[PDB]
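Notes follow once the structure below has been shown.
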Amino acid sequence: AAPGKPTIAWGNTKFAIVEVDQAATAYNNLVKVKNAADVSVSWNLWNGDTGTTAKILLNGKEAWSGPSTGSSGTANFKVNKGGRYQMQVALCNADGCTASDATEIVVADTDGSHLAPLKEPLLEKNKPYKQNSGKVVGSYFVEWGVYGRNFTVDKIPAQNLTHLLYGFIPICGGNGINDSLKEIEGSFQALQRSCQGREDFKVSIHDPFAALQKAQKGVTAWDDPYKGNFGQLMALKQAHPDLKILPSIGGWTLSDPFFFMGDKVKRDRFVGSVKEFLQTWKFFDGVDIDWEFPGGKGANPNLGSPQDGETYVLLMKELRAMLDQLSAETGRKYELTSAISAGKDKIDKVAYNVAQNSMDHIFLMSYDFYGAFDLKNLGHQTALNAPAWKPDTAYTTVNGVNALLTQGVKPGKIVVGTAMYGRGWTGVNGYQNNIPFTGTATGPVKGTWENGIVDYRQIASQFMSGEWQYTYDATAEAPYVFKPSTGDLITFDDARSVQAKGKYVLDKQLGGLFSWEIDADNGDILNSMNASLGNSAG
Ligand SMILES: CC(=O)N[C@H]1[C@H](O[C@H]2[C@H](O)[C@H]3N=C(C)S[C@H]3O[C@@H]2CO)O[C@H](CO)[C@@H](O)[C@@H]1O
């Protein structure tokens with residue numbers, strides 16, 4: 001007689017190759033990379049002979065075997081590839097093998113190979129597009145948007161993007177290194193806790209709870225090895241294998257450490273830590289560098305040096321050489337990109353015609369041209385062109401594109417930015433010829449989340465009725481709303497200015513469009529990016 005049929009013992013079924021320690025706040029303790037998951041299976045034999053060999057099978061294939069020595073047994077073995085496996089215990093003797101019923105086990109890896117695909121329906125006004133224009137359609141998802149903004153990875157209209165940027169991955173450093181974070185309550189202290197025992201100038205995760213642990217759709221079971229934004233991005237990657245998901249390093253409040261990378265010791269340490277970050281988190285497809293800005297004039301008034309352009313070029317070159325190596329080891333295509341000032345004065349601090357040789361795309365931040373940071377000089381915050389009243393306006397999309405083109409940047413590298421938010425002023429007064437921009441303001445407009453800034457969702461839903469005047473400036477390619485009684489003025493992108501930008505990209509053979517930030521759109525802005533770049537509906 002063959003052995004009796006074993007019964008798998010109840011026990012944990014989810015294991016991880018990269019493990020997240022559930023009680024640690026320092027990135028170095030939080031994340032344990034192993035060569036393989038340590039899997040454990042037990043069984044009982046309730047009827048028959050226990051056989052002479054016990055085997056654990058994963059989809060029929062032996063991962064462990066040993067002597068079958070009693071009515072119950074335990075196998076501890078390593079599994080080096082992620083997935084969901086039909087596991088069985090089989091008991092064998094000379095007369096045959098008898099296999100248990102299959103139990104599914106999870107062997108988690110950060111490519112999301114153990115996860116069901118996160119395929120969610122489009123929400124709000126989002127309509128389906130195919131990505132067939134061959135142009136970039138990008139947007140940023142922000143890590144902290146899962147809190148007050150309540151906008152999670154399952155709400156991303158992912159089929160409508162080619163590029164999804166994760167803002168932001170910080171670089172470790174305390175006093176003197178990340179001083180700009182101190183302007184945000186608790187933010188500098190959160191980074192120091194995350195970076196404790198970790199060298200300055202290495203990357204980390206700013207909010208490991210939101211990134212890895214917060215229950216979210218598809219990752220709510222307590223034993224799920226990855227949860228939060230990363231666990232959902234892994235599952236999104238299963239649903240959208242051609243979507244490029246890039247970690248964005250820097251941004252407004254996390255750019256200070258770039259200013260030190262003229263020291264090759266620090267720069268080498270940074271690049272090596274980026275490599276390790278991509279080996280650890282396999283769902284990411286490259287790296288986006290958002291250094292605001294070489295030369296300074298970013299958040300920190302004390303940083304910026306004439307050397308920064310040279311540092312930037314060297315950095316892009318070294319990141320490229322690291323990515324070409326990773327790409328060789330893995331067989332994957334990795335991308336290197338950068339979000340950059342669209343102001344000619346910042347553009348001319350960098351030789352982009354040299355750095356473009358290392359880079360896949362340049363995200364031109366053709367927005368924030370004007371806003372409540374200047375109450376005196378009012379203007380269109382994200383316009384294509386100068387307006388009729390001031391044809392020599394410095395800060396326009398076209399002036400940034402032409403600055404790059406004049407350096408000798410190739411048109412196909414350049415991705416034009418659109419805003420999914422408005423900036424505005426209150427108390428605008430002293431304007432002439434019915435153009436509020438010719439006046440001056442007394443303060444910022446009341447914002448959705450902070451003063452002077454309104455989600456595109458709120459503009460469309462609250463500010464396109466009642467007393468609000470609406471004008472589309474067809475010279476600048478720029479809409480604006482104005483409430484004269486309070487003097488509230490908001491400058492923003494809408495479906496039409498986005499269509500102008502998209503048409504311009506096609507005419508000038510540029511690379512495509514990107515937007516900041518995805519949670520703020522109701523679908524109008526992203527629908528228009530897709531349509532205007534010539535993506536097919538459906
Ligand atoms: C209006 C807003 O959302 N402000 C954010 C800020 O967003 C910057 C961003 O850092 C900069 N980087 C890009 C990439 S696009 C570009 O513009 C946006 C909007 O002006 O980000 C910081 C953190 O860097 C937040 O504190 C702030 O909420």
Side-chain angles (χ1 to χ4, degrees), residues 1-24 28-117 212-213 215 218-227 230-231 234-235 237-238 279-283 329-330:
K5 185 187 178 178
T7 304
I8 301 181
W10 292 110
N12 182 42
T13 53
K14 309 200 185 155
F15 312 82
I17 295 171
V18 184
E19 299 205 298
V20 175
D21 183 317
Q22 294 309 302
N28 287 358
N29 295 319
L30 183 73
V31 190
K32 186 181 185 174
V33 172
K34 304 139 96 21
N35 293 318
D38 290 299
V39 177
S40 182
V41 176
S42 288
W43 62 90
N44 294 305
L45 181 62
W46 296 113
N47 292 104
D49 179 311
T50 71
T52 31
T53 296
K55 301 176 174 165
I56 305 304
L57 312 184
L58 305 177
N59 303 330
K61 181 167 186 164
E62 172 177 316
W64 177 94
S65 60
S68 176
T69 57
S71 290
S72 308
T74 296
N76 298 307
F77 57 98
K78 286 184 196 290
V79 174
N80 74 355
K81 175 194 215 300
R84 279 175 293 164
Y85 295 96
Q86 295 294 104
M87 186 277 287
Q88 289 163 292
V89 175
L91 301 175
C92 299
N93 62 21
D95 286 291
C97 286
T98 310
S100 65
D101 296 334
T103 288
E104 181 178 275
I105 69 168
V106 170
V107 181
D109 205 357
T110 58
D111 60 347
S113 59
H114 66 297
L115 284 162
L212 288 165
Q213 291 166 352
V219 286
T220 50
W222 71 266
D223 52 349
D224 284 336
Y226 320 121
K227 304 181 185 59
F230 283 25
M234 291 171 199
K237 200 67 182 303
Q238 297 297 313
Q279 288 168 321
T280 302
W281 305 112
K282 292 178 198 186
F283 70 92
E329 295 154 13
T330 62

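All residue numbers in this chain count up from 1 along the given sequence. Heavy-atom basis, side chains included; hydrogens, waters and symmetry copies ignored.
Between the OG1 atom in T110 and the CE atom in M234 there is a gap of 5.0 Å [rounded to 0.5 Å]. Rounded to the nearest 0.5 Å, atoms NZ (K55) and OG (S68) are 12.0 Å apart. Summarising the geometry, atom CG belonging to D38 is positioned 9.5 Å from atom CZ belonging to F15; distances are rounded to the nearest 0.5 Å. To the nearest 0.5 Å, the span separating NZ on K81 from CG on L58 amounts to 11.5 Å. Taken from OG1 in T50 to CG in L45, the straight-line distance is 6.5 Å, to the nearest 0.5 Å. Between the CZ atom of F230 and the OG1 atom of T280 there is a distance of 10.0 Å, given to the nearest 0.5 Å.
Scored by the side-chain contact (heavy atoms from CB on, under 4.5 Å) test, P6 finds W43, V89, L91, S100 as partners (sequence neighbours excluded).
Taking the side chain as every heavy atom from C-beta outward, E19 and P225 never approach each other to under 4.5 Å. Contact check for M87 versus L57: no side-chain heavy atoms found under the 4.5 Å cut-off. The side-chain heavy atoms of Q213 and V20, taken from C-beta on, include a pair separated by under 4.5 Å. Between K78 and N80, every side-chain heavy-atom pair lies at or beyond the 4.5 Å cut-off. Residues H114 and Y226 have side chains in contact (heavy-atom distance under 4.5 Å, counting atoms from C-beta outward).
Taking all atoms of both residues into account, the shortest heavy-atom contact from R84 to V106 is CG-CG2, 4.0 Å. Across every non-hydrogen atom of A75 and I56, the tightest pair is CB-CG1, 3.6 Å. Taking both residues in full, the closest heavy atoms of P3 and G51 are given as CG-CA, 3.6 Å, listed atom of the first, atom of the second, then distance. For the residue pair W64 and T74, the shortest heavy atom distance occurs at CZ2-O, 4.2 Å. The heavy-atom pair separating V107 from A37 by the smallest distance is CG1-CB, 3.7 Å.
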Could you give me the CA-CA distance, side-chain angles and deciding distance for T52 and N93, then say whether side chain to side chain donor-acceptor pair (under 3.5 Å) is met?
-> CA-CA 5 Å; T52 31; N93 62 21; 5.6 Å; no

Show your working on salt bridge (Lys or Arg N to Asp or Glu O under 4.0 Å) between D21 and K32 and close with a plain yes or no.
-> CA-CA 8 Å; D21 183 317; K32 186 181 185 174; over 6 Å; no

Do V31 and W281 pass the side chain to side chain contact (heavy atoms under 4.5 Å, CB included) test, and can you show the C-alpha distance, the side-chain angles, and the key distance before you say yes or no?
-> CA-CA 10 Å; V31 190; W281 305 112; 3.8 Å; yes

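Although no hydrogens or angles enter the test, the distance criterion places a donor-acceptor pair under 3.5 Å between the side chain of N59 and the main chain of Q86. Looking at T98, its side chain never comes within 3.5 Å of a backbone N or O of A2 through a donor-acceptor pair.
Comment: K237 does not engage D111 in a salt bridge, judged by the lack of any side-chain N to carboxylate O separation of less than 4.0 angstrom.
In this structure, a donor-acceptor pair under 3.5 Å is present between the side chains of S72 and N44.
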Side-chain donor-acceptor contacts of residues 7-14 below 3.5 Å, not counting sequence neighbours, with atom names and distances?
{"unit_1": "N12", "atom_1": "OD1", "unit_2": "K14", "atom_2": "N", "d": "3.0"}
{"unit_1": "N12", "atom_1": "ND2", "unit_2": "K14", "atom_2": "O", "d": "2.6"}
{"unit_1": "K14", "atom_1": "NZ", "unit_2": "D223", "atom_2": "OD1", "d": "3.0"}
{"unit_1": "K14", "atom_1": "NZ", "unit_2": "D224", "atom_2": "OD1", "d": "2.8"}

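Within 6.0 Å of NZ in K227 there are more than 12 heavy atoms belonging to other residues, nucleotides or ligands.
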